[PDB]
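**Q** Sharing run_38.cif here; it has mmCIF, N, CA, C and O atoms.
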data_entry
#
loop_
_atom_site.label_atom_id
_atom_site.label_comp_id
_atom_site.auth_asym_id
_atom_site.auth_seq_id
_atom_site.Cartn_x
_atom_site.Cartn_y
_atom_site.Cartn_z
N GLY P 1 -4.54 -22.12 -16.68
CA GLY P 1 -5.48 -21.63 -17.68
C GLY P 1 -4.96 -20.44 -18.46
O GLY P 1 -3.77 -20.12 -18.43
N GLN P 2 -5.88 -19.77 -19.15
CA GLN P 2 -5.52 -18.62 -19.96
C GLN P 2 -4.91 -17.52 -19.10
O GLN P 2 -3.94 -16.87 -19.50
N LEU P 3 -5.47 -17.31 -17.90
CA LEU P 3 -4.98 -16.25 -17.03
C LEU P 3 -3.51 -16.46 -16.67
O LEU P 3 -2.70 -15.53 -16.75
N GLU P 4 -3.16 -17.69 -16.29
CA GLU P 4 -1.77 -17.99 -15.96
C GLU P 4 -0.85 -17.74 -17.15
O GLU P 4 0.26 -17.23 -16.99
N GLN P 5 -1.31 -18.07 -18.36
CA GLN P 5 -0.48 -17.82 -19.54
C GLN P 5 -0.32 -16.33 -19.79
O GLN P 5 0.76 -15.87 -20.19
N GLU P 6 -1.38 -15.55 -19.56
CA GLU P 6 -1.29 -14.11 -19.80
C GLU P 6 -0.43 -13.42 -18.76
O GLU P 6 0.28 -12.46 -19.08
N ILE P 7 -0.45 -13.88 -17.51
CA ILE P 7 0.43 -13.29 -16.51
C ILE P 7 1.88 -13.67 -16.79
O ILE P 7 2.80 -12.87 -16.56
N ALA P 8 2.12 -14.89 -17.29
CA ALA P 8 3.47 -15.25 -17.70
C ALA P 8 3.95 -14.37 -18.85
O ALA P 8 5.09 -13.90 -18.85
N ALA P 9 3.07 -14.13 -19.83
CA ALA P 9 3.44 -13.28 -20.96
C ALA P 9 3.70 -11.85 -20.51
O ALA P 9 4.65 -11.21 -20.97
N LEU P 10 2.88 -11.33 -19.60
CA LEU P 10 3.10 -10.00 -19.05
C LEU P 10 4.47 -9.90 -18.40
O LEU P 10 5.23 -8.95 -18.64
N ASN P 11 4.81 -10.89 -17.57
CA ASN P 11 6.11 -10.87 -16.90
C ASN P 11 7.24 -10.99 -17.91
O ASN P 11 8.29 -10.34 -17.76
N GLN P 12 7.06 -11.81 -18.95
CA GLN P 12 8.08 -11.92 -19.99
C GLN P 12 8.28 -10.59 -20.71
O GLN P 12 9.42 -10.20 -20.99
N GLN P 13 7.19 -9.90 -21.02
CA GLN P 13 7.29 -8.64 -21.75
C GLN P 13 7.93 -7.55 -20.90
O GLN P 13 8.74 -6.76 -21.41
N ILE P 14 7.58 -7.48 -19.61
CA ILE P 14 8.23 -6.52 -18.72
C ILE P 14 9.74 -6.74 -18.72
O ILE P 14 10.53 -5.80 -18.85
N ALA P 15 10.16 -7.99 -18.55
CA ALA P 15 11.59 -8.28 -18.49
C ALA P 15 12.28 -7.90 -19.79
O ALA P 15 13.37 -7.32 -19.78
N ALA P 16 11.65 -8.20 -20.92
CA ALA P 16 12.27 -7.93 -22.21
C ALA P 16 12.44 -6.43 -22.44
O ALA P 16 13.50 -5.99 -22.90
N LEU P 17 11.41 -5.64 -22.13
CA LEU P 17 11.51 -4.21 -22.36
C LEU P 17 12.46 -3.56 -21.37
O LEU P 17 13.18 -2.62 -21.72
N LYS P 18 12.49 -4.05 -20.12
CA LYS P 18 13.45 -3.51 -19.16
C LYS P 18 14.88 -3.81 -19.58
O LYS P 18 15.76 -2.96 -19.44
N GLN P 19 15.13 -5.03 -20.06
CA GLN P 19 16.45 -5.36 -20.60
C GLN P 19 16.80 -4.44 -21.76
O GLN P 19 17.92 -3.91 -21.84
N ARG P 20 15.86 -4.24 -22.68
CA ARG P 20 16.11 -3.39 -23.84
C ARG P 20 16.46 -1.98 -23.39
O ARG P 20 17.40 -1.36 -23.90
N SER P 21 15.69 -1.44 -22.44
CA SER P 21 15.93 -0.09 -21.95
C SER P 21 17.32 0.02 -21.34
O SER P 21 18.07 0.96 -21.64
N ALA P 22 17.69 -0.93 -20.47
CA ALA P 22 18.99 -0.87 -19.82
C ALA P 22 20.12 -0.89 -20.85
O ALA P 22 21.08 -0.12 -20.74
N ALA P 23 20.01 -1.75 -21.86
CA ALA P 23 21.05 -1.83 -22.88
C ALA P 23 21.10 -0.55 -23.71
O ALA P 23 22.19 -0.06 -24.04
N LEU P 24 19.93 0.01 -24.04
CA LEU P 24 19.89 1.24 -24.82
C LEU P 24 20.51 2.40 -24.05
O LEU P 24 21.26 3.20 -24.62
N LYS P 25 20.21 2.51 -22.76
CA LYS P 25 20.79 3.59 -21.97
C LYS P 25 22.31 3.52 -22.00
O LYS P 25 22.99 4.55 -22.17
N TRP P 26 22.87 2.32 -21.85
CA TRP P 26 24.32 2.18 -21.90
C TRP P 26 24.86 2.49 -23.29
O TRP P 26 25.89 3.16 -23.43
N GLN P 27 24.17 2.03 -24.33
CA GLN P 27 24.62 2.29 -25.69
C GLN P 27 24.62 3.79 -25.99
O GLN P 27 25.56 4.31 -26.59
N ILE P 28 23.57 4.48 -25.56
CA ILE P 28 23.49 5.93 -25.74
C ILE P 28 24.64 6.62 -25.01
O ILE P 28 25.27 7.54 -25.54
N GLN P 29 24.92 6.19 -23.78
CA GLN P 29 25.97 6.83 -22.94
C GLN P 29 27.34 6.65 -23.58
O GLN P 29 28.19 7.52 -23.36
N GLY P 30 27.56 5.60 -24.36
CA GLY P 30 28.85 5.38 -25.04
C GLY P 30 29.10 6.41 -26.12
O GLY P 30 28.15 7.05 -26.63
N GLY M 1 13.44 14.38 -34.58
CA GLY M 1 12.93 14.07 -33.24
C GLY M 1 12.36 12.67 -33.09
O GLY M 1 11.76 12.35 -32.06
N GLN M 2 12.55 11.84 -34.12
CA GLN M 2 11.98 10.50 -34.09
C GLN M 2 12.69 9.61 -33.07
O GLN M 2 12.04 8.78 -32.42
N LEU M 3 14.01 9.75 -32.93
CA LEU M 3 14.72 8.94 -31.94
C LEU M 3 14.19 9.22 -30.54
O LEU M 3 13.87 8.29 -29.79
N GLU M 4 14.09 10.50 -30.18
CA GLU M 4 13.52 10.86 -28.88
C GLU M 4 12.12 10.30 -28.73
O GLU M 4 11.76 9.78 -27.66
N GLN M 5 11.30 10.40 -29.78
CA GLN M 5 9.94 9.90 -29.72
C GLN M 5 9.92 8.40 -29.47
O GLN M 5 9.09 7.90 -28.71
N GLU M 6 10.85 7.66 -30.08
CA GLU M 6 10.83 6.21 -29.92
C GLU M 6 11.25 5.80 -28.52
O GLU M 6 10.74 4.82 -27.97
N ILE M 7 12.20 6.53 -27.92
CA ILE M 7 12.57 6.25 -26.54
C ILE M 7 11.40 6.56 -25.61
O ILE M 7 11.11 5.80 -24.68
N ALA M 8 10.71 7.67 -25.86
CA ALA M 8 9.54 8.00 -25.06
C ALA M 8 8.49 6.89 -25.16
O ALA M 8 7.87 6.52 -24.16
N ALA M 9 8.29 6.35 -26.36
CA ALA M 9 7.33 5.26 -26.54
C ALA M 9 7.75 4.03 -25.75
O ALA M 9 6.91 3.39 -25.09
N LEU M 10 9.03 3.67 -25.80
CA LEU M 10 9.52 2.54 -25.02
C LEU M 10 9.24 2.74 -23.54
O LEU M 10 8.74 1.84 -22.86
N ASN M 11 9.56 3.93 -23.02
CA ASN M 11 9.32 4.20 -21.60
C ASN M 11 7.83 4.17 -21.28
O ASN M 11 7.44 3.71 -20.20
N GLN M 12 6.99 4.68 -22.18
CA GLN M 12 5.55 4.59 -21.96
C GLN M 12 5.09 3.14 -21.91
O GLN M 12 4.26 2.77 -21.06
N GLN M 13 5.60 2.30 -22.81
CA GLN M 13 5.20 0.90 -22.83
C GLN M 13 5.66 0.18 -21.57
O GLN M 13 4.92 -0.62 -21.00
N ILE M 14 6.89 0.45 -21.12
CA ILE M 14 7.38 -0.13 -19.88
C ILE M 14 6.47 0.27 -18.72
O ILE M 14 6.05 -0.56 -17.92
N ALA M 15 6.17 1.57 -18.62
CA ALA M 15 5.32 2.04 -17.53
C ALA M 15 3.95 1.39 -17.58
O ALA M 15 3.38 1.04 -16.54
N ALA M 16 3.39 1.22 -18.79
CA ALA M 16 2.07 0.61 -18.92
C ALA M 16 2.08 -0.83 -18.44
O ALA M 16 1.19 -1.25 -17.68
N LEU M 17 3.07 -1.62 -18.87
CA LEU M 17 3.15 -3.00 -18.42
C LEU M 17 3.37 -3.08 -16.92
O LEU M 17 2.76 -3.91 -16.23
N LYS M 18 4.23 -2.21 -16.38
CA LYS M 18 4.43 -2.17 -14.94
C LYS M 18 3.14 -1.81 -14.21
O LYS M 18 2.88 -2.31 -13.12
N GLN M 19 2.33 -0.92 -14.80
CA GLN M 19 1.05 -0.58 -14.18
C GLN M 19 0.11 -1.77 -14.17
O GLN M 19 -0.59 -2.01 -13.18
N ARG M 20 0.06 -2.53 -15.27
CA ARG M 20 -0.78 -3.72 -15.29
C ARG M 20 -0.36 -4.67 -14.17
O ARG M 20 -1.20 -5.17 -13.42
N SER M 21 0.94 -4.93 -14.05
CA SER M 21 1.42 -5.80 -12.99
C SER M 21 1.14 -5.21 -11.61
O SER M 21 0.69 -5.92 -10.71
N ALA M 22 1.39 -3.91 -11.44
CA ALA M 22 1.16 -3.27 -10.15
C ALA M 22 -0.31 -3.33 -9.76
O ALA M 22 -0.64 -3.54 -8.58
N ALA M 23 -1.22 -3.14 -10.72
CA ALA M 23 -2.64 -3.21 -10.41
C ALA M 23 -3.03 -4.61 -9.96
O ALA M 23 -3.90 -4.77 -9.09
N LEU M 24 -2.41 -5.63 -10.54
CA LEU M 24 -2.68 -7.00 -10.11
C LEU M 24 -2.08 -7.27 -8.74
O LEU M 24 -2.69 -7.95 -7.91
N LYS M 25 -0.88 -6.75 -8.47
CA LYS M 25 -0.28 -6.91 -7.15
C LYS M 25 -1.11 -6.21 -6.08
O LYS M 25 -1.34 -6.77 -5.00
N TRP M 26 -1.55 -4.98 -6.36
CA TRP M 26 -2.44 -4.28 -5.44
C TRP M 26 -3.68 -5.10 -5.17
O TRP M 26 -4.11 -5.25 -4.01
N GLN M 27 -4.28 -5.64 -6.22
CA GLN M 27 -5.50 -6.43 -6.11
C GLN M 27 -5.31 -7.69 -5.28
O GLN M 27 -6.29 -8.24 -4.77
N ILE M 28 -4.06 -8.16 -5.12
CA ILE M 28 -3.83 -9.40 -4.38
C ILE M 28 -4.45 -9.33 -2.99
O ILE M 28 -4.99 -10.33 -2.49
N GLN M 29 -4.39 -8.16 -2.35
CA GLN M 29 -4.97 -8.03 -1.02
C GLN M 29 -6.48 -8.21 -1.05
O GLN M 29 -7.05 -8.85 -0.16
N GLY M 30 -7.14 -7.66 -2.07
CA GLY M 30 -8.58 -7.76 -2.19
C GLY M 30 -9.03 -8.18 -3.57
O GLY M 30 -10.18 -8.58 -3.77
#
Could you spell out this file's structure in structure tokens?
**A**
Amino acid sequence: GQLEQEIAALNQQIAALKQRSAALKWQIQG
Amino acid sequence: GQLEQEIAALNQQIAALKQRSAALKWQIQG
């Protein structure tokens, strides 16, 4: 249902922002 | 100071999404 889709979206967004943060930290350190 | 502000916003958004997930994980018990 809707709940399952929203929890999937939440998990997708967490992963995307964590990936972005990790890449940014490395880019800044360079 | 906009660059610093944007990184702070990213970290705030990450923390918020993690809190949503954490609150659901906590709720799993009850």
**Q** In Å to one decimal, how far is atom CA of residue 21 of chain P from atom CA of residue 7 of chain M?
**A**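 Taking atom CA of residue 7 of chain M and atom CA of residue 21 of chain P, their separation equals 8.5 Å.
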**Q** Can you build me a table of chain P residues sitting at most 8 Å from chain M, with the closest atom pair per residue and its distance in Å to one decimal, using all atoms listed in the file, sorted by chain and residue number, as CSV?
**A**
residue,atom,partner,partner_atom,distance
P:10,O,M:17,O,6.1
P:11,N,M:17,O,7.4
P:13,O,M:14,CA,6.9
P:14,CA,M:17,CA,6.2
P:17,C,M:14,CA,6.3
P:18,N,M:14,CA,6.4
P:21,CA,M:10,C,7.4
**Q** Would you mind aligning chain M to chain P, a least-squares fit over all C-alpha atoms taken in order, and returning the superposed chain as a short mmCIF file (atom, residue, chain, number, x, y, z; two decimals) with N, CA, C and O atoms, in the frame of the given file?
**A**
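part05.cif was written with the following content:
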data_model
loop_
_atom_site.label_atom_id
_atom_site.label_comp_id
_atom_site.auth_asym_id
_atom_site.auth_seq_id
_atom_site.Cartn_x
_atom_site.Cartn_y
_atom_site.Cartn_z
N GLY M 1 -5.10 -23.24 -17.10
CA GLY M 1 -3.79 -22.59 -16.93
C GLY M 1 -3.58 -21.35 -17.79
O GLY M 1 -2.47 -20.82 -17.84
N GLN M 2 -4.65 -20.90 -18.45
CA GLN M 2 -4.53 -19.76 -19.34
C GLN M 2 -4.29 -18.46 -18.57
O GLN M 2 -3.54 -17.60 -19.04
N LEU M 3 -4.94 -18.30 -17.41
CA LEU M 3 -4.71 -17.09 -16.63
C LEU M 3 -3.25 -16.97 -16.23
O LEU M 3 -2.63 -15.91 -16.43
N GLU M 4 -2.68 -18.04 -15.69
CA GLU M 4 -1.26 -18.04 -15.35
C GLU M 4 -0.41 -17.73 -16.57
O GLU M 4 0.55 -16.95 -16.49
N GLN M 5 -0.74 -18.33 -17.72
CA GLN M 5 0.02 -18.09 -18.93
C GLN M 5 -0.03 -16.63 -19.33
O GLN M 5 0.97 -16.06 -19.77
N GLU M 6 -1.19 -15.98 -19.17
CA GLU M 6 -1.31 -14.60 -19.60
C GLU M 6 -0.52 -13.66 -18.70
O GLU M 6 0.04 -12.67 -19.16
N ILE M 7 -0.48 -13.96 -17.39
CA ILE M 7 0.35 -13.16 -16.50
C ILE M 7 1.82 -13.35 -16.84
O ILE M 7 2.60 -12.38 -16.85
N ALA M 8 2.22 -14.58 -17.12
CA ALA M 8 3.60 -14.83 -17.52
C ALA M 8 3.95 -14.03 -18.78
O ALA M 8 5.04 -13.46 -18.89
N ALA M 9 3.02 -13.98 -19.74
CA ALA M 9 3.26 -13.21 -20.96
C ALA M 9 3.42 -11.73 -20.66
O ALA M 9 4.32 -11.07 -21.20
N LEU M 10 2.56 -11.18 -19.80
CA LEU M 10 2.69 -9.78 -19.40
C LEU M 10 4.06 -9.52 -18.80
O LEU M 10 4.74 -8.55 -19.16
N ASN M 11 4.49 -10.38 -17.87
CA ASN M 11 5.80 -10.19 -17.24
C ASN M 11 6.92 -10.32 -18.26
O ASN M 11 7.93 -9.60 -18.18
N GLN M 12 6.80 -11.26 -19.21
CA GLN M 12 7.80 -11.36 -20.26
C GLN M 12 7.86 -10.09 -21.10
O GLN M 12 8.95 -9.61 -21.45
N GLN M 13 6.70 -9.53 -21.45
CA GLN M 13 6.68 -8.32 -22.25
C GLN M 13 7.28 -7.14 -21.50
O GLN M 13 8.02 -6.35 -22.07
N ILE M 14 6.96 -7.01 -20.21
CA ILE M 14 7.54 -5.97 -19.39
C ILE M 14 9.07 -6.11 -19.37
O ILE M 14 9.80 -5.15 -19.58
N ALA M 15 9.55 -7.33 -19.11
CA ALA M 15 10.99 -7.54 -19.06
C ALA M 15 11.64 -7.21 -20.39
O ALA M 15 12.74 -6.64 -20.43
N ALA M 16 10.99 -7.57 -21.51
CA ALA M 16 11.56 -7.30 -22.82
C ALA M 16 11.68 -5.80 -23.07
O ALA M 16 12.73 -5.32 -23.53
N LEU M 17 10.62 -5.04 -22.78
CA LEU M 17 10.69 -3.60 -22.97
C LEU M 17 11.73 -2.97 -22.05
O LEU M 17 12.49 -2.09 -22.47
N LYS M 18 11.80 -3.43 -20.80
CA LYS M 18 12.83 -2.94 -19.90
C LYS M 18 14.22 -3.26 -20.41
O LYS M 18 15.15 -2.48 -20.24
N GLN M 19 14.39 -4.43 -21.05
CA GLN M 19 15.69 -4.77 -21.62
C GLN M 19 16.04 -3.84 -22.77
O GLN M 19 17.20 -3.41 -22.90
N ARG M 20 15.07 -3.53 -23.63
CA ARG M 20 15.34 -2.59 -24.71
C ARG M 20 15.81 -1.26 -24.14
O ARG M 20 16.81 -0.69 -24.59
N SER M 21 15.10 -0.74 -23.14
CA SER M 21 15.50 0.51 -22.52
C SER M 21 16.86 0.39 -21.84
O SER M 21 17.71 1.27 -21.98
N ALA M 22 17.07 -0.71 -21.10
CA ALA M 22 18.34 -0.90 -20.41
C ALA M 22 19.50 -0.98 -21.39
O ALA M 22 20.59 -0.45 -21.12
N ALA M 23 19.31 -1.65 -22.53
CA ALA M 23 20.38 -1.74 -23.51
C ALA M 23 20.72 -0.37 -24.07
O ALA M 23 21.89 -0.08 -24.37
N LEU M 24 19.72 0.49 -24.23
CA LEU M 24 19.98 1.85 -24.70
C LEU M 24 20.66 2.67 -23.62
O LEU M 24 21.56 3.47 -23.91
N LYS M 25 20.26 2.51 -22.36
CA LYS M 25 20.92 3.21 -21.27
C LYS M 25 22.38 2.78 -21.13
O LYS M 25 23.27 3.62 -20.96
N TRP M 26 22.63 1.47 -21.20
CA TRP M 26 24.00 0.98 -21.19
C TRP M 26 24.80 1.60 -22.31
O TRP M 26 25.94 2.05 -22.11
N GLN M 27 24.23 1.63 -23.50
CA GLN M 27 24.90 2.17 -24.68
C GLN M 27 25.22 3.65 -24.54
O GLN M 27 26.10 4.15 -25.24
N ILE M 28 24.53 4.36 -23.64
CA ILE M 28 24.76 5.80 -23.51
C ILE M 28 26.24 6.10 -23.26
O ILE M 28 26.77 7.09 -23.78
N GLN M 29 26.91 5.25 -22.49
CA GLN M 29 28.32 5.47 -22.22
C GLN M 29 29.16 5.35 -23.49
O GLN M 29 30.08 6.14 -23.70
N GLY M 30 28.84 4.38 -24.34
CA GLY M 30 29.57 4.16 -25.57
C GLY M 30 28.67 4.00 -26.77
O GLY M 30 29.12 4.09 -27.92
#
**Q** For segment 16-19 of chain M, what centre and edge lengths in Å (one decimal) does the axis-aligned box get once 8 Å is added on each side of all its listed atoms, as JSON?
**A**
{"center_x": 1.9, "center_y": -1.3, "center_z": -16.0, "size_x": 21.0, "size_y": 21.1, "size_z": 21.8}
